[PDB]
Amino acid sequence: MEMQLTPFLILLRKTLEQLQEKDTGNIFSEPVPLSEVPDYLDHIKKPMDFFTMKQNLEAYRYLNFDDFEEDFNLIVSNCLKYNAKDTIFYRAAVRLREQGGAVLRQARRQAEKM
Ligand SMILES: COc1ccccc1C(=O)Nc1cc2c(cc1N1CCCC1)n(C)c(=O)n2C
C-alpha cells in the first residue's frame, strides 16, 4: 500500500533531485511552452519535464522504479525527436541521457536493496 511505499518514494524524491541537477541549461524543468512551440503536440504524444515528474511523484503516479525511469526517458527522447541534431536542445538531451543514466543506474541498485 501507499504507507509501505514511503521509503521507496523517499528514494525517488532524492533520485529526481539528482536528475534535475543535471539540467544545467534549465531547459528540462518546466513543460515545453506551447505558447512558444505551438506545434509541439503535433509531434510529441506525451510531453515530460522535471516539474511534471515532481507533480507525478507527489501524486502517487510512480509506484515502481520502471514507471519513474520511463518518464525520465521521455524527457530525453521527446527532445531528440522534436529537435534537429545541430541544436542546443539535441546536444543537451544527449548530455542529459548520459548523466541522468548514471544517476538512475545507482538509484536502481539502491531500490533493489528495498
Ligand atoms: C521559455 O521558453 C521560451 C521562451 C521564449 C521563446 C522560446 C522558448 C522556447 O522555445 N522554450 C523551449 C523550447 C523547447 C524546450 C524547452 C524550452 N524552454 C523551457 C524553459 C526554457 C526553455 N525543449 C526541451 C524543447 O525540446 N524545446 C523545443
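Residue labels here follow a simple count from 1 along each chain's written sequence instead of the entry's numbering, which may differ, and residues missing coordinates are not shown. Water and hydrogen atoms were dropped before computing side-chain values, which therefore reflect all heavy atoms in the structure.

- Method information in the entry identifies X-ray crystallography as the source of the structure, with 1.50 Å recorded as the resolution.

- The PDB entry lists the protein chain under the name Peregrin, with Homo sapiens as the source organism.

1. A word on the site of the ligand
- Residues are classed as near a molecule or strand on a simple rule: at least one heavy atom within 4 Å of it. In the region of the ligand, the neighbouring residues are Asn26, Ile27, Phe28, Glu30, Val32, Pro33, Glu36, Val37, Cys79, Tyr82, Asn83 and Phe89.
- Polar contact is the term for a pair of N or O atoms within 3.5 Å; when the atoms are in protein, one must be able to donate a hydrogen and the other to accept it, and sequence-neighboring residues count only if both atoms are side-chain atoms. Interatomic distance of 2.9 Å between a side-chain N/O atom of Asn83 and an oxygen atom of the ligand.
- In the complex, 69% of the free accessible area of the ligand, which totals 560 Å², lies under the protein chains.
- Only protein atoms enter the 1 Å grid, on which a cavity is a set of points fitting a 1.4 Å probe that cannot get out and a pocket is an open set with protein on both sides within 12 Å along at least 5 of 7 lines, lining residues being those with an atom within 4 Å of a point. Being in a pocket or cavity means that more than half of the molecule's atoms lie within 2 Å of its grid points. Spatially, the ligand is embedded in the largest pocket. Using a 1.4 Å probe, accessible areas were evaluated by the Shrake-Rupley method; residue-level cover was limited to the displayed protein chains.

2. Comments concerning the nonpolar core
- Buried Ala, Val, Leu, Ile, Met, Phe, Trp, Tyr and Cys residues form a nonpolar core when they are joined through side-chain atoms within 4.5 Å. Each residue is assigned to one of three classes by its accessible area relative to the maximum for its type, calculated with a 1.4 Å probe on protein chains only: buried under 20%, partly exposed between the two thresholds, exposed over 50%. Counting 29 residues, the largest nonpolar core has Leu12, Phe28, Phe50, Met53, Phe65, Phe68 and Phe72 as the members making the most contacts within it.
- In this description a helix means any DSSP run of H or I spanning at least four residues, a strand means any run of E spanning at least two, and both kinds are numbered starting from the N terminus. When residues of this core are traced back to their parent elements, those giving at least two are helix 1 (6–20), helix 3 (50–58), helix 4 (65–82) and helix 5 (88–112).
- Those residues within four positions of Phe72 in sequence are excluded, and the remaining contacts are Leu19, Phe50, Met53, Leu96, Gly100, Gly101 and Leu104. Residue contacts follow a heavy-atom distance rule, with two residues in contact if any of their heavy atoms lie within 4.5 Å.

3. Structural notes on the side chain of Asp49
- Note that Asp49 resides in the loop between helix 2 (40–43) and helix 3.
- The positive count covers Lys and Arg only, the negative count covers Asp and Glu only, and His and the chain ends enter neither. Whenever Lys or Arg places a side-chain nitrogen within 4 Å of a carboxyl oxygen from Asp or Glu, that contact is recorded as a salt bridge. It is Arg61 that comes nearest to the buried, bridge-free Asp49 among opposite-charge side chains, at 11 Å.
- There is a polar contact of 2.8 Å between the side chain of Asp49 and the backbone nitrogen of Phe51.
- Ignoring any residue separated from it by four or fewer positions in sequence, one finds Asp49 in contact with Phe28, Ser29, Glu30, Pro31 and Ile75.

4. Overview of the layout of surface pockets
- Grid points are joined across faces, edges and corners, and a volume is the space filled by probe spheres set on the points. Considering only enclosed or pocket space, the largest pocket measures out at about 290 Å³ in volume.
- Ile27, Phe28, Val32, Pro33 and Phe89 are, among the 17 residues lining the largest pocket, the residues nearest its centre.
- It is helix 4 that contributes the most residues to the lining of the largest pocket, 4 residues altogether.
- Taken together, the residues that form the lining of the largest pocket break down as 12 nonpolar, 3 polar and 2 charged. Under the scheme applied here, ten amino acids are nonpolar (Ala, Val, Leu, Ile, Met, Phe, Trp, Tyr, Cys and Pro), four are charged (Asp, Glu, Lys and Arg), and all others, including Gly, are polar.

5. As for the packing of helix 1 against helix 4
- To obtain each axis, a line is fitted to C-alpha atoms, and for helices this fit is confined to the stretch in contact; angles are then taken between N-to-C directions over 0 to 180 degrees. Where helix 1 meets helix 4, the closest approach of the two axes is 11 Å, and the angle between their N-to-C directions is 15 degrees. If you check the angle between helix 1 and helix 4, you find them roughly parallel. Here helix 1 runs over helix 4; the crossing is right-handed. Residues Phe8, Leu11, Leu12, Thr15, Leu16 and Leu19 of helix 1 form the contact with helix 4, whose own contacting residues are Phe65, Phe68 and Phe72.
- In the contact of helix 1 with helix 4, the residues fall into 8 nonpolar, 1 polar and no charged. Orientation categories follow fixed angle ranges, with anything under 35 degrees roughly parallel, anything over 145 roughly antiparallel, 65 to 115 roughly perpendicular, and all other angles oblique. Crossing handedness is read from the near helix: turned anticlockwise from the far helix by less than a right angle, it gives a left-handed crossing, and turned clockwise, a right-handed one.

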